[PDB]
There are 2 protein chains.
Amino acid sequence: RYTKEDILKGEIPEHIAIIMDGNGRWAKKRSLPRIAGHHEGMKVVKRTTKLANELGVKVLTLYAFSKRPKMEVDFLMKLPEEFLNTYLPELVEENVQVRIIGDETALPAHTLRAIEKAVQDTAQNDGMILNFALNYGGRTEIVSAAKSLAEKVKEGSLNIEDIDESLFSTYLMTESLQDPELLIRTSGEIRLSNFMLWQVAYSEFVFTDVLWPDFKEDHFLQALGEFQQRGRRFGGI
Amino acid sequence: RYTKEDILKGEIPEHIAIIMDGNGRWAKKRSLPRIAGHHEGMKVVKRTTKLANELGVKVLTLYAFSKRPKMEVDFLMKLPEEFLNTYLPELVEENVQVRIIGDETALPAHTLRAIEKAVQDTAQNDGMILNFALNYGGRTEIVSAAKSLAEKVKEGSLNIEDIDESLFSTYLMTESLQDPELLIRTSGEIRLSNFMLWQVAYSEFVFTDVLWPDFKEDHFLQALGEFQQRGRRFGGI
Ligand SMILES: CCc1cc(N2CCCCCC2)n2ncc(-c3ccc(F)cc3)c2n1
Ligand SMILES: CCc1cc(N2CCCCCC2)n2ncc(-c3ccc(F)cc3)c2n1
């Protein structure tokens, strides 16, 4: 419905967050193994990155889910390395900054050292930020912020009366990131699932039935079109 | 589409939260003054309370919004008193517990003393809880929880390593309430608008274009039907 051209003439949210869901359901629909769903979603991460960056998006936060059989768990823990293997050279050429939020202690040393090198390899780029949220949880992030504030208060380098909304935001894992103007959730679930609770206080939400491996350029455009037409509504605010 | 009978044979969320929006837009549609929108929404609070309580709902959290002309601001600040005036005797007979969350210091003394008496007048009831959220904000609630935890840590009655997800929940304004299984937002906006950020981490969300003064029994049923059919879906989880 919405061509690319139409979308560009309109407003482009600086920070988009996508809850990438439905990789396994896609595989089942396809009569394919579950791991083939996750691999296909990996290629969709690339196309989304490219288009969002072409579109002038400034931050793209992609959320990958967390008790499946431990062959599948190990496989997903190796996806970052495969993705970075195949797509990092064009990520540095396309001027992307690779970044990661979440509990990093949940991944093996080898996976972290691959991730951390792609990070420092793109840190001197200044284009789009590609933020991967891994083993990330909204409530845990909030509680960890409170505990670190409590510890500075305990040590006497922070006074409780100086703890305010903006200071609290500096203690979250997204401290140097503007809040997402747009959150997209694929695979038909209409929930937040413990994702960026504090940060999406005022974000527009766009839900779609489309499964993440199917969520290609046209579907991405339609969500932007949905975002834009909300800005063109009349009446009260 | 969904009769009452159908809805009852299914599962009833124990805690529902509604973002009551669209009172003014309804008035404009009706060629009526804005304050007549707010008064009509007040009568919809009653019918929703009655039906939810008949339906066996255990907690009903209703959210009323917060810079309009100061004739309209003063008018909304007097709605609690009018509502409690007209509907409290049947709220005590219908076994409802009236409760309130939010920054109470934002209302005048007379409005608080009316609210607080309706509270203690129903405190010895044990049926449905009717929770009114007034001058309530998700982020401020979270920050106030951190500041009180910081203060017990400062005084030495709490150790930082004992601050966890469940303890953090005890410091929110909804401390003695289960998280809502269902959040409903009327008037067509698909956003949270800084409402119960921590508490809706896992809630099902139901959005509707219906304006709150129009949101009567049938529309309420359809949202429950929507809630129930999500539980009957197949595939992955
Ligand atoms: C669970 C682990 C996982 C799963 C996963 N999926 C499954 C989630 C939906 C996308 C399909 C591929 N992806 N896709 C990219 C990454 C990635 C992570 C870190 C990084 F630095 C670069 C890329 C990824 N990581
Ligand atoms: C802003 C103040 C306001 C506005 C308002 N609206 C406007 C919001 C949508 C509902 C229409 C009537 N309502 N409806 C009930 C109450 C109420 C508050 C406290 C209490 F103890 C009992 C009832 C209410 N309070």
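Just follow the structure's listing: the first ligand is 1, and inside any ligand the first atom is 1. Keep in mind that the numbers below use all heavy atoms, side chains included, and drop hydrogens, waters and symmetry copies. Below, read A as the first sequence line, B as the second, and so on, with proteins coming before strands; counting in each chain starts at 1.
- Every residue meeting the salt bridge (charged side-chain N to carboxylate O under 4.0 Å, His left out) condition with A:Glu189, not counting sequence neighbours, appears here in chain and number order: A:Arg191, B:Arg233.
- In terms of modelled atom types and a separation under 3.5 Å, the side chain of A:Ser203 and the main chain of A:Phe205 share no donor-acceptor contact.
- In this structure, A:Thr122 contributes its side chain and A:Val119 its backbone to a donor-acceptor pair below 3.5 Å.
- Under the 4.0 Å criterion applied to side-chain N and carboxylate O atoms, B:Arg113 and B:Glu116 are not assigned as salt-bridge partners.
- Contact residues of ligand 1 (protein heavy atom closer than 4.0 angstrom to a ligand atom; sorted by chain and number): A:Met20, A:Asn23, A:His38, A:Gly41, A:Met42, A:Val45, A:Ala64, A:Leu76, A:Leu79, A:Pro80, A:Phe83, A:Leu84, A:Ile115, A:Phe132, A:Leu134, A:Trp212.
- Checked against salt bridge (charged side-chain N to carboxylate O under 4.0 Å, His left out), A:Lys29 has the following partners two or more places apart in sequence or in another chain: A:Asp214.
- Qualifying salt bridge (charged side-chain N to carboxylate O under 4.0 Å, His left out) partners for B:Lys28, counting only residues two or more places apart in sequence or in other chains: none.
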